[PDB]
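Peer 1: Can you read through this structure? Questions will come right after.
Neighbour counts are summed over all protein chains in view; Cβ atoms, including those assigned to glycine, are modelled from backbone coordinates with ideal geometry. Just so you know, all these numbers are worked out from the coordinates, no wet-lab data involved.
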Amino acid sequence: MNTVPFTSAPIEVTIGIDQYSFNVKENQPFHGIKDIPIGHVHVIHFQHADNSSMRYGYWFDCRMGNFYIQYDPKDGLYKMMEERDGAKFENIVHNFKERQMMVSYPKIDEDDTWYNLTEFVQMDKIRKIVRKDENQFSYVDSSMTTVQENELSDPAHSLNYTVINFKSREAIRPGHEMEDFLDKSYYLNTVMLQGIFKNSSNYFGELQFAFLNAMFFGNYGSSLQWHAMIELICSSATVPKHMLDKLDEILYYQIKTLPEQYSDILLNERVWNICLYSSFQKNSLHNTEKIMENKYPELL
Amino acid sequence: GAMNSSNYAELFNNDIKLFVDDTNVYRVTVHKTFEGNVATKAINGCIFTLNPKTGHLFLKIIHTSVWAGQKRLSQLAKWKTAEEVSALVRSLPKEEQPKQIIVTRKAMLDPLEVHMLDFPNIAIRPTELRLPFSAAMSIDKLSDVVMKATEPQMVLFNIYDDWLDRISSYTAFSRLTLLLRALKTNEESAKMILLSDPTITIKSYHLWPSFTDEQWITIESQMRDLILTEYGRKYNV
Ligand SMILES: CCn1nnnc1NCc1cccs1
């Protein structure tokens, strides 16, 4: 179990760690988060009490280094940094665990939620969507735009998700215009799965990462990307049976975890109704359809 | 964006544009089978592709053989339309290709956009106008060439005859849409108006009769009356 210490908490802030969150008061004696499960990526995220504008945060994996947070009063945010000196960090964090100035990552033992939400998400793929190679961790906020969003303006701060566009030459073989537009299997299996992603795990990884950035940061282009990747599967007549079964599990936990009061903005009526009721895969998503109907029957 | 009453004069500017109407592409007669079920029999159709500035009409005849062994024909018909319009554009010299294609029904937008991906600079536009181009098959010589076709065939017409020698494109289009609206609302009466007078003939190389300027005003007045009338006979006013 690993630890993300804080030098201090100078400004009042709601801190999130994965799907958990807690409030820290201005100059309250908070030194960090302990007992963070190893083996998963994590995200630590922030919303200042004074300016709820800009949720922001950091994707990280404690296996890739020792990471800590110090408030930068010039840039006005909590910054993640990597501590290179291992012995110093251990002496600093022990010192802190002894004074009990850390919140414990509050994982219930029965609970597989975070695993289920990050099953295919891998730091190495995050770092290709979020390009900042001098850091082992990845900053995301509310306002960052996607490569595709910029095509329709600062490139270094973009989310480099895989561009999906159903009315594009990439998606439509010459002479199979109608076939490929009404059945996207070519685009899914050959262009995207075989060509770009190499396998379904990488595809699901990006899909799950897009969802998490949409949910935790309200990042609109991430929400666009999540829905597009769902729609591309649901609109393909020919999908491997293992992908459909896994897709249903993935979406089930995403819908289960979504805050009830954000469903109005984070869920695209058109995509979901098409996917669950009109698409080729309308009968292949039993778990997701059941949770969607019992929790958001209004959307449908 | 969409074409409507507000930007109507754009039709007659010098940017090449085409209207595409697909109403008459997939045409059927519905009938009873021996067993008392219902079946359709397709008849020849056409794509109506019209330059509103010049009157040039690209009439792509859709022979019933193109439906043989196909399913979901009403959906296929929109993609076939889009395929044939794209093939037409590719066949035109670059300086004759449209800058815009306006579809008369919004269900053509995605089919045409997908078929025209190679032409990103050609705008595919809907319209809010309720244009009467479905009545094209009420023009005898157009109906005749469609029904007689034994194979896919493109036939070129000028749907304004020689009117542009004497009137503007705007006025020519208004005449065309009035004639077609009349034919669509009451075909028998509209044709009676157009041919009541034996002395006014249709030139071999024309579609409509050779009216003088004064006779066209009379004709146009009569067509308006017909449209208002039928609007009464329909609504009882
Ligand atoms: C009270 C903060 N402190 N106490 N002793 N050293 C430090 N530096 C802060 C940190 C550096 C790395 C992680 S936390």
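Peer 1: For chain A, what is the mean residue ellipticity at 222 nm derived from helices alone (per DSSP H run of n ≥ 4: -39500 (n - 2.57); sum divided by total residues; nearest 500 deg cm²/dmol)?
Peer 2: Computed ellipticity for chain A at 222 nm equals -10000 deg cm²/dmol.
Peer 1: Here's a follow-up. Go through B:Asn51, B:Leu142, B:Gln75 and say which Cα lies farthest out towards the positive end of the charge dipole of region B:9-163; charges sit on Cβ, +1 for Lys and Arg, -1 for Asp and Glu.
Peer 2: In region B:9-163, that residue is B:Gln75.
Peer 1: Under the definition of partner shielding as Cβ atoms of other protein chains within 10 Å of a residue Cβ, what is the mean value for peptide A:164-175?
Peer 2: Neighbouring Cβ atoms belonging to other protein chains average 2 per residue here.
Peer 1: Okay, moving on. Pairs of Cα atoms under 8 Å, at least six residues apart: use those to get the relative contact order of region B:9-163, whole percent.
Peer 2: Reported as a whole number, the value is 29 percent.
Peer 1: B:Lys94: which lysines have alpha carbons under 21 Å from its alpha carbon, excluding same-chain residues fewer than 8 sequence positions away?
Peer 2: Answer for B:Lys94, where 21 Å is the Cα cut-off: B:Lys17, B:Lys53, B:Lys60, listed by chain and number.
Peer 1: Once phi is turned into θ = phi - 60°, what whole-Hz ³J(HN,Hα) does the Karplus curve with 6.51, -1.76 and 1.60 give for every residue of region B:228-237, x standing for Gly and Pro?
Peer 2: Here the 3J(HN,Hα) series is 5, 3, 2, 5, x, 2, 6, 8, 6, 10 Hz.
Peer 1: I would also like to ask the following. Apply 1/(1 + (r/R0)^6) to the Cβ-Cβ distance of B:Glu187 and B:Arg166, taking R0 = 25 Å, and write down the FRET efficiency to the nearest 0.05.
Peer 2: The value I calculate is 0.40.
Peer 1: Please give, to one decimal in nm, the separation of the simple spin-label points placed at A:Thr238 and B:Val38, each 7 Å out from Cα toward the Cβ.
Peer 2: According to this spin-label approximation, the distance is 3.6 nm.
Peer 1: Rank these for me by crowding, B:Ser86, B:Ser174, going from fewest to most other beta carbons within 10 Å.
Peer 2: With the sparsest Cβ surroundings first, the list reads B:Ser174, B:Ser86.
Peer 1: For the pairs B:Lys41/B:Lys71; A:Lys34/A:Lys74; B:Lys41/B:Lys78, note any where the Cα-Cα span goes beyond 24 Å. Before the final figure, lay out the partial values.
Peer 2: Details: B:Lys41/B:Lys71 14 Å; A:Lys34/A:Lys74 27 Å; B:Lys41/B:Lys78 18 Å.
From B:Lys41/B:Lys71; A:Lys34/A:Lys74; B:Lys41/B:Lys78, over 24 Å: A:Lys34/A:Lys74.
Peer 1: Only four residue types carry charge here, +1 at the Cβ of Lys and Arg and -1 at the Cβ of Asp and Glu. Report the dipole size of region B:164-237 about the Cα centre in Debye, rounded to the nearest 20. Walk me through the numbers before you get to the answer.
Peer 2: Numbers: 9 positive and 9 negative charges, 55 e Å.
So the dipole magnitude of region B:164-237 works out to roughly 260 debye.
Peer 1: Report the charge-dipole magnitude of region A:162-300 in Debye, nearest 20, computed about the Cα centre from +1 at each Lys and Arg Cβ and -1 at each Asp and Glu Cβ. Don't skip to the answer; put the middle values down first.
Peer 2: Working: 12 positive and 16 negative charges, 57 e Å.
Dipole about the Cα centre, nearest 20: 280 debye.
Peer 1: Which whole-Hz ³J(HN,Hα) couplings does region B:209-223 yield from phi under the Karplus relation 6.51 cos²θ - 1.76 cosθ + 1.60, θ = phi - 60°, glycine and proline marked x?
Peer 2: Result, rounded to whole Hz: x, 7, 6, 5, 4, 5, 5, 5, 4, 4, 3, 4, 4, 4, 5.
Peer 1: How big is region B:9-163 by the Kirkwood estimate over distinct Cα pairs, in Å?
Peer 2: Here the Kirkwood hydrodynamic radius works out to 16.4 Å.
Peer 1: What's the FRET efficiency of B:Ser91 with A:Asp133 using the Cβ-Cβ distance as r and R₀ = 56 Å, to the nearest 0.05?
Peer 2: Rounded to the nearest 0.05, the efficiency is 0.65.
Peer 1: Now for a separate question. Mind checking which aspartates and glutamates have their C-alpha under 18 Å from B:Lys148, skipping anything on the same chain fewer than 8 residues away?
Peer 2: B:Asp140
Peer 1: Shifting gears a bit: Taking neighbour Cβ counts within 10 Å as the exposure measure, how do B:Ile217, A:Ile233, A:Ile291 sort from fewest upward?
Peer 2: Listing B:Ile217, A:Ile233, A:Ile291 from fewest to most nearby Cβ atoms yields B:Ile217, A:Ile291, A:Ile233.
Peer 1: Another question, if that's okay. Under the rule of at least 5 residues apart or a separate chain, name every residue whose amide H is placed under 5 Å from the amide H of A:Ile11.
Peer 2: Result for A:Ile11 returns A:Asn27.
Peer 1: A follow-up question, please. What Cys residues in chain A have no fellow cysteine's beta-carbon under 4.7 angstrom?
Peer 2: Flagged as lacking a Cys partner: A:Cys62.
Peer 1: So which chymotrypsin sites (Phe, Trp or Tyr not before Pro) in region B:1-104 end up in coil per DSSP with only 12 or fewer other C-beta atoms within 10 Å?
Peer 2: Counting only loop positions with at most 12 other Cβ atoms within 10 Å, the chymotrypsin sites (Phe, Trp or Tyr not before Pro) in region B:1-104 are B:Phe34.
Peer 1: Tell me the trypsin sites (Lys or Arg not before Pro) within region B:112-162 that lie in a loop according to DSSP and have at most 16 other beta-carbon atoms within 10 Å.
Peer 2: B:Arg130
Peer 1: Moving to a separate point now. Among A:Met80, A:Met192, A:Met101, which comes first, second and so on when ranked by fewest other beta-carbon atoms within 10 Å?
Peer 2: A:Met101, A:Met80, A:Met192
Peer 1: Students often forget the sequence filter, so: which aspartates and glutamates lie under 20 Å Cα-Cα from A:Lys246 once same-chain residues fewer than 8 apart are removed?
Peer 2: A:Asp111, A:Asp112, A:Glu119, A:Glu206, A:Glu231, A:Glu289, A:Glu293
Peer 1: How many nm is it between the label spots at A:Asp111 and A:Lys256, if each spot is 7 Å from the Cα in line with the beta carbon?
Peer 2: 1.2 nm
Peer 1: Next up: Once the dipole of chain A is set up with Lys and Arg at +1 and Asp and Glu at -1 on Cβ about the Cα centre, which of A:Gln261, A:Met1, A:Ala210 lies farthest towards its positive end?
Peer 2: Most positive-ward Cα: A:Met1.
Peer 1: Within region A:103-140, report the GluC sites (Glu not before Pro) that DSSP leaves as loop and that have at most 12 other Cβ atoms within 10 Å.
Peer 2: Sparse-neighbourhood loop GluC sites (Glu not before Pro): A:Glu110, A:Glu134.
Peer 1: For B:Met154, which sequence-distant residues (separation of 5 or more, or a different chain) have an amide H within less than 5 Å of its own amide H, given hydrogens modelled in the peptide plane?
Peer 2: Under 5 Å from the amide H of B:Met154 lie the amide H atoms of B:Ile61, each far enough along the sequence or on another chain.
Peer 1: Inside 10 Å of the C-beta atoms of A:181-191, what's the mean count of C-beta atoms belonging to other chains?
Peer 2: The per-residue average across the peptide is 1.
Peer 1: From the phi of every residue in region A:244-254, what ³J(HN,Hα) in whole Hz does the Karplus formula 6.51 cos²θ - 1.76 cosθ + 1.60 yield, where θ is phi - 60° and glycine or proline is x?
Peer 2: Taking θ as phi minus 60°, the curve returns 4, 4, 6, 3, 4, 5, 4, 5, 3, 5, 5 Hz for region A:244-254.
Peer 1: What 222 nm value per residue comes from the helices of chain B, counting each DSSP H run with n ≥ 4 as -39,500 (n - 2.57) and dividing by all residues, nearest 500 deg cm²/dmol?
Peer 2: Calculated from helices alone, the mean residue ellipticity at 222 nm is -11500 deg cm²/dmol.
Peer 1: Would you please give the FRET efficiency between B:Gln153 and A:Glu269, computed as 1/(1 + (r/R0)^6) with r the Cβ-Cβ distance and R0 = 51 Å, to the nearest 0.05?
Peer 2: 0.65
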